[PDB]
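Heads up: the structure comes next, in structure tokens.
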Amino acid sequence: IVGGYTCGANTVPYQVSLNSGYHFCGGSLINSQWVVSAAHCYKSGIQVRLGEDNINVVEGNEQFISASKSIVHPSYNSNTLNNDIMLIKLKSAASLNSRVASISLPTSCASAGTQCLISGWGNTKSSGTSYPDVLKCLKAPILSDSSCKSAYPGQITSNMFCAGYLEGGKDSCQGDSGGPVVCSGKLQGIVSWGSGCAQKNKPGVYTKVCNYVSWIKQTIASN
Ligand SMILES: Cn1ccnc1-c1cccc(Oc2[nH+]c(Oc3cc(C(=N)N)ccc3O)c(F)c(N3CCC[C@@H](C(=O)O)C3)c2F)c1
Ligand SMILES: [Ca+2]
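Okay, so the sequence shown: first residue is 7 according to mature numbering (1 follows the signal peptide of the UniProt record, and there is no 0), each after it adds one.
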């Protein structure tokens, strides 16, 4: 997150860190046994870390759980990033509490202008690399389809939405990928891609979760 603020320990209880001996992607806890992330974050040997604040220190409240299976959307296209969504099943259920909680799936898509909270342990710099220890937060609005398309001609599908600031300096970035975009208590987006980070006229692009509710439910039910 570029241009954000320190969230405060366990203030974003559904935030998960995907770990393979280092933090590589975010995710969201949607029930005691399932996490949603981005398909582009897929890899084998994933350990899900719940209840994290400082990802480099064991502070208490953490729960480390291996992934039993990772389900990449069957129509994910690595060239276009269309359908950039993945489901991860935990080997054992998370213990839900004050600090580790699920986030609800949307019932309807969010409109342009809706303010959302984006969070992660990704890069905090536009120019250069600087990874934080603690979780960073950013409040950002969903942009109109028209602005989004103007920014990334021919690259925006019906399964994507733009959120952020055209003036630059505030955005998600590498390392935040697969993490949550929460609007009015519902998971509306997944951090997917953008051209650089916090660059003028190049807002972040997010997987539009409301288009996958049925798919999520159906997939979980059969696994
Ligand atoms: C439209 N489309 C189809 C297939 N790929 C794409 C694109 C196009 C443009 C950017 C895309 O995503 C990308 N997003 C990034 O950064 C991100 C930016 C944002 C944001 N601004 N809100 C969110 C998540 C990100 O992962 C990259 F750093 C990146 N890299 C550039 C190449 C080197 C790579 C690294 O590992 O060293 C970093 C990249 F290709 C993905
Ligand atoms: Ca920790």
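Ideal Cβ placement from N, Cα and C applies to all residues, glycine included.
Whole-Å CB distance - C216 paired with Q194, under 8 Å assumed: As a first step, residue 216 is located in the sequence shown; it is residue number 210 there, counting from the start. As a first step, residue 194 is located in the sequence shown; it is residue number 188 there, counting from the start. Indeed, because the Cβ distance is near 7 Å, the residues count as touching under 8 Å.
Between the alpha carbons of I94 and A157, how many angstroms are there, rounded? Counted from its first residue, the sequence shown places residue 94 at position 88. Counted from its first residue, the sequence shown places residue 157 at position 151. Rounded to the nearest angstrom, the two C-alpha atoms are 32 Å apart.
Using 8 Å as the threshold, is the C-beta distance between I71 and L56 below it? Residue numbering aside, residue 71 sits at position 65 when the sequence shown is read from its first letter. Residue numbering aside, residue 56 sits at position 50 when the sequence shown is read from its first letter. Yes, the Cβ-Cβ distance between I71 and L56 is below 8 Å.
Original post:
Sorted by chain position, which residues of the same chain lie with C-beta nearer than 7 Å to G191's C-beta, five sequence neighbours on each side aside?
Top reply: Along the sequence shown, read from residue 1 onward, the residue named residue 191 stands at position 185. Answer for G191: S110, listed in chain order.
*Look at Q180 and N129 and say whether their C-beta atoms are less than 8 Å apart.*
Against the sequence shown, residue 180 aligns to sequence position 174. Against the sequence shown, residue 129 aligns to sequence position 123. Against a cut-off of 8 Å, the Cβ pair of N129 and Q180 comes out as a contact.
**Request:** In angstroms with no decimal places, state the Cα-to-Cα distance between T120 and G210.
**Result:** Indexing the sequence shown from 1 puts residue 120 at position 114. Indexing the sequence shown from 1 puts residue 210 at position 204. Approximately 15 Å, taken between the alpha carbons.
Point to revise | Strand pairing of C122, partner residues [DSSP] | key: Along the sequence shown, one-based indexing puts residue 122 at 116. Partner(s): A146.
Mind checking whether the beta-carbon of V18 lies closer than 7 Å to any heavy atom of ligand 2?
The sequence position of residue 18 within the sequence shown is 12, counting from 1. No - ligand 2 has no heavy atom lying nearer than 7 Å to the Cβ of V18.
For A146, is the classification buried or exposed, using 16 other Cβ atoms within 10 angstroms of its Cβ as the cut-off for buried?
One-based indexing of the sequence shown puts residue 146 at position 140. Per the 10 Å Cβ criterion, buried.
Taking three-plus beta-carbon pairs below 8 Å as touching, is the segment 130-142 in contact with the segment 49-67?
These segments touch.
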